[PDB]
Amino acid sequence: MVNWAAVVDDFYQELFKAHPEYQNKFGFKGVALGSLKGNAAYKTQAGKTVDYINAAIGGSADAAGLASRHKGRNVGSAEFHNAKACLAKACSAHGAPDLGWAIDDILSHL
Ligand code: HEM
């Protein structure tokens, strides 16, 4: 099966490399990027991200609910546009299908 866990790991590496300040909103704030895989808060977040991807593909994802939760953290369309680019890179590195359509679904509620 597609290794979404690896894709998500690359996604977070790209995301926080381009926008380090985004990492301050998470429970793994201040943690060195190359050590995130050993951080408990990160493992949980990454797992939830993998879950969301599988839910989007599976057809059970609640894009409206995810958008509202992100608004609840002062995360908006701009951040999601930035994320879209990082995820596109991360998918490509693993021969995985692109996920822009799923981010578009979220953006449609931001
Ligand atoms: C491809 C784009 C993204 C996806 C698929 C995604 C997915 C998720 C998921 C599944 C959760 C958990 C929600 C829950 O538990 O109900 C979450 C939480 C969160 N997301 Fe994202 N996200 C994305 C982009 C971003 C960006 C760009 C930011 C920028 C700051 C961000 C900030 C957060 C924060 C602060 C949380 C809560 C963390 C915590 O509870 O400690 N997200 N995200």
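Just the heavy atoms: all of them, side chains too, but no hydrogens, waters or symmetry mates, feed the values below. Whatever order the structure lists them in is the order used to number ligands and atoms, beginning at 1. Numbers for residues simply follow the sequence, beginning at 1.
- Protein heavy atom in closest approach to atom 10 (C) of ligand 1: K48 O, 3.6 Å.
- Of all protein heavy atoms, the one closest to atom 18 (C) of ligand 1 is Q45 NE2, 3.6 Å.
- For the pair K25/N74, a side-chain contact is recorded, criterion being any heavy-atom separation below 4.5 Å from C-beta on.
- Side-chain atoms of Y12 and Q45 include a donor-acceptor pair closer than 3.5 Å.
- Which of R73, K84, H81, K29 comes nearest to atom 39 (C) of ligand 1 through a heavy atom is settled by distance: it is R73.
- The minimum distance between atom 21 (Fe) of ligand 1 and any N, O or S atom of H70 involves atom NE2.
- Within the 4.0 Å heavy-atom cutoff, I53 does not count among the residues contacting ligand 1.
- Using modelled atom types, one finds no donor on one side chain facing an acceptor on the other under 3.5 Å when comparing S35 with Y42.
- Counting heavy atoms from C-beta on, the side chains of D10 and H94 come closer than 4.5 Å.
- Side-chain atoms of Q23 and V31, non-hydrogen and from C-beta on, do get closer than 4.5 Å to each other.
- Closest protein heavy atom to atom 35 (C) of ligand 1: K25 O, 3.4 Å.
- The nearest heavy-atom contact from the protein to atom 28 (C) of ligand 1 is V75 CG1, 3.7 Å.
- Atoms of ligand 1 lying under 4.0 Å from any heavy atom of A83, numbered from 1 in the order shown and given with element: 2 (C), 27 (C).
- A 4.5 Å side-chain heavy-atom check between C91 and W4 finds at least one atom pair inside the cut-off.
- Contacts between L66 and ligand 1, counted as non-hydrogen atom pairs separated by less than 4.0 Å, involve the side chain only.
- Proximity of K84 to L99: side-chain heavy atoms (C-beta onward) are nowhere separated by under 4.5 Å.
- Atom CG of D105 and atom CG of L66 lie 11.0 Å apart (nearest 0.5 Å).
- Every atom of ligand 1 is numbered from 1 in the order shown, and the set under 4.0 Å from a heavy atom of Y52 is 10 (C).
- Every atom of ligand 1 is numbered from 1 in the order shown, and the set under 4.0 Å from a heavy atom of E79 is 27 (C).
- Atoms of ligand 1 lying under 4.0 Å from at least one heavy atom of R69, given by number and element, are 16 (O).
- Residues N82 and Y22 are in side-chain contact: their nearest non-hydrogen atoms beyond the backbone lie under 4.5 Å apart.
- Looking at atom 36 (C) of ligand 1, its nearest protein heavy atom turns out to be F26 CE2, 3.9 Å.
- The nearest protein atom to atom 41 (O) of ligand 1, hydrogens excluded, is given as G27 N, 4.2 Å; this is a heavy-atom distance.
- Two residues are said to be in side-chain contact when any heavy atoms from C-beta on lie closer than 4.5 Å; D9 and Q13 fail this criterion.
- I103 CD1, 3.3 Å is the protein heavy atom nearest to atom 1 (C) of ligand 1.
- Nearest protein heavy-atom contact of atom 2 (C) of ligand 1 is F80 CE2, 3.4 Å.
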